[PDB]
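[1] Sequence, then structure. It's an experimental one.
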Amino acid sequence: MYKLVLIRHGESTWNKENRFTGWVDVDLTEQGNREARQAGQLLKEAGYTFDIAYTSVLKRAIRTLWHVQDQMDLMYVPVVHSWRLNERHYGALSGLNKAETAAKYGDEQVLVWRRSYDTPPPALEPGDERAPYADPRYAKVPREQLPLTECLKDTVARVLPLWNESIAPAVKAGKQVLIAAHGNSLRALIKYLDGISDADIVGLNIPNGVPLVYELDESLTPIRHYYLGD
Ligand code: VO4
C-alpha cells in the first residue's frame, strides 16, 4: 500500500483579486504563505514525511512547496519542477476578473469556459506578451506542444505523461511522494486515479493549501482518499 499526498497552491494574488490565472506566474499572498506553512505543520504533526516532491514551474505552487519543506525540515529532498503540472492554460481570459467577464459575456458563456471538458477558452494570439514561446521555463518543450489555451481534456493529456514516466515509478519504488500543484492539474490527476467521468470531474473543487492524501494499492488504484485537518 502507498500514500501519495497532493496540495493545491496557497491563495495567490489573483485568487484574492478574483482573476483567471492559468500560466501567468503570480505569487502567493501573505494568506497563501500562511496556508502553506499551516499545511506543512499539519503534515509534520501527523508524522508524514517525503522522499521526493513534484511541482510546476509556477512560483505560487513552488513557494507553497517551499513552506511545506521548511516547516517539515525537508528542504534537502529532490524536487522535480515540471511544466506538465502547470495549471490549466486559460488563454485570452488570463488576467480577467471573473465577475466582470460573466457580466460582459453572460453566465452561460463563462460556464462553458470554466466547465466544458473539451472546449477551451478563447486563445491567446501567438504574439501576445502572455504567450509561452520566449519563456526560459519552456525552452526545451517543442513549440507545437505549448498551449495558447486549454480545456481540461488538454490538461489531462499534458499531465499524464509525467505520472506514467516519473511519478508512478517513484511511488512503486517506495518513494514517499508529495505533489504541490494547481486546481486543474490536480483534478486531471484525480480524474485518472479515481476514474471520474468527463461530466463529474468539472464539479470537483480543491481548496488552497489543504493536504489531500490518497491511499493506493499494489496497482496504484485508490483505496481511499481524505483531506488532513479541520
Ligand atoms: O480561474 V479558476 O478558479 O475557474 O481555474
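    That came in fine, so what should we check first? Numbers count the residues shown, from 1 in each chain.

[2] can you count the residues close to the closest residue to residue 98 other than its chain neighbours?
    Counting by CB to CB, 6 or more residues apart in numbering, residue 98 lies nearest to residue 18, which is 5.2 Å off, once chain neighbours are set aside. Heads up, the C-betas are built off the backbone N, CA and C, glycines and all. By other CB atoms under 10 Å, 12 other residues sit near residue 18.

[3] And for residue 55?
    The number of residues packed near residue 55 is 27, by other CB under 10 Å.

[4] helix or strand right after the helix or strand hosting residue 186?
    Per DSSP states H and E: residue 186 is located in helix 183-194. With elements assigned by DSSP H and E, the helix or strand that comes after helix 183-194 is helix 198-201.

[5] returning to that earlier point: tell me the contacts of the residue nearest to residue 98?
    Residue 18 sits next to 97-99 when contact means CB atoms under 8 Å, 6 or more residues apart in numbering.

[6] List, one by one, the residues from the protein near the ligand.
    Within reach of the ligand by CB under 6 Å from any ligand atom, the chain has these residues: 20-21, 114, 183-184.

[7] Dump those into JSON lines; add neighbour count and distance to residue 73 as well.
    Formatted as JSON lines, the entries for the residues of the chain next to the ligand read as follows, by neighbours: other CB atoms under 10 Å; distance: CB to CB, whole Å:
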{"residue": "20", "neighbour count": "22", "distance to residue 73": "36"}
{"residue": "21", "neighbour count": "23", "distance to residue 73": "31"}
{"residue": "114", "neighbour count": "17", "distance to residue 73": "39"}
{"residue": "183", "neighbour count": "18", "distance to residue 73": "28"}
{"residue": "184", "neighbour count": "26", "distance to residue 73": "31"}
